[PDB]
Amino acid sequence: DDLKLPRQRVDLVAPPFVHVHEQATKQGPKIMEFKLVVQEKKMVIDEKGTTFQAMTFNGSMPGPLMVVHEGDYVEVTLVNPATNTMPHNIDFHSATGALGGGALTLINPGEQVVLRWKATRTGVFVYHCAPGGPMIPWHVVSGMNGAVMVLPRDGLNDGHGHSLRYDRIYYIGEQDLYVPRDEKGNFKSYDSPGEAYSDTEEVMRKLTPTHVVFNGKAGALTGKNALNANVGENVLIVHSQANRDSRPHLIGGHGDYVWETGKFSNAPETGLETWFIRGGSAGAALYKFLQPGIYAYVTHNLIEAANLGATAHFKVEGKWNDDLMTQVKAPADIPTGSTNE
């Protein structure tokens, strides 16, 4: 027992929600214990019911958000149940050495492993499966990716000596999918990941996804699963993309404070319209809602947003501010005396 620190078990929750944590803490470093269970399963990924052979951490795309503080140790038990067909591992971009932990975590079905990494670098970071060779992109684009947030012990700041505190946090994992089609253009179904591989790899090679989704499917965060907020709340939106670039935008809002490269040692940028998540990274945006109503959160390639699945909704309760925006005149017939050339 070389490392003599208190241990705290964390119970992960499904995205887009985040497990209970403190922003600022005066507790000393701890060993933060997490469990991730690989689950291969067929999943529905669009509003027409298209299925595909997914591979997940903890049954979700993305995998759950892990939250720790700078100087904590993160002890992760990775479990690969014998119902799975493939070997799996885990690479933490937050971690130092052994390909992020991938070189120390390769497990066959029926096995588990325990990795410990010190949280020396602050920010939001991707984690993903990376078995080796062509299996690396396949496992990642099959769903095996999530994120971890390493907070400064004093919480977030604006890079100019002022504390920032969020009232709410959501984790938006964006997933690029490569679903094979038949000669007529219909999506193909398979009985196992292995059976889907060869056809999937051919789609992957042309670098054009068939779907780009938040929280694992088109429409996942719309309708009854819209994200809630209230006028005045400061909301942190963590966005990850393990394989492909994204350009997040909150329609009707802004990024008040944005860490587009995702690392809290760097001052955020202010007042952004659209920000950029480089493939293989996580970023974070804070926004204080000023108006009630529906907001769309998109990647601002609008073809991907509207036609390939990459739109979420916020439903924000409160009172409308006519000073910031008003409909001066409702739609009305163009006046007869108008000249509109």
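Numbering starts at 1 and runs along the sequence shown.
Look at the C-alpha B-factors of 177 to 185 and of 104 to 112. On average they run higher in 177 to 185. For the two regions 18 to 26 and 329 to 337, the entry's Cα B-factors average higher over 329 to 337. By the numbers in the PDB entry, the CA B factor is greatest at 195 among 269, 245, 195, 201. Of all the options 236, 95, 147, 156, the entry's greatest CA B-factor is assigned to 156.
Among the modelled residues of its chain, residue 210 has a C-alpha B-factor that falls in the lowest third according to the deposited record. Among all modelled residues in its chain, residue 77 ranks in the middle third by Cα B-factor.
Among the modelled residues of its chain, residue 274 has a C-alpha B-factor that falls in the lowest third, as given in the PDB entry. The deposited CA B-factor of residue 302 belongs to the middle third of values across its chain. Sort the modelled residues of the chain by CA B factor and residue 225 lands in the highest third.
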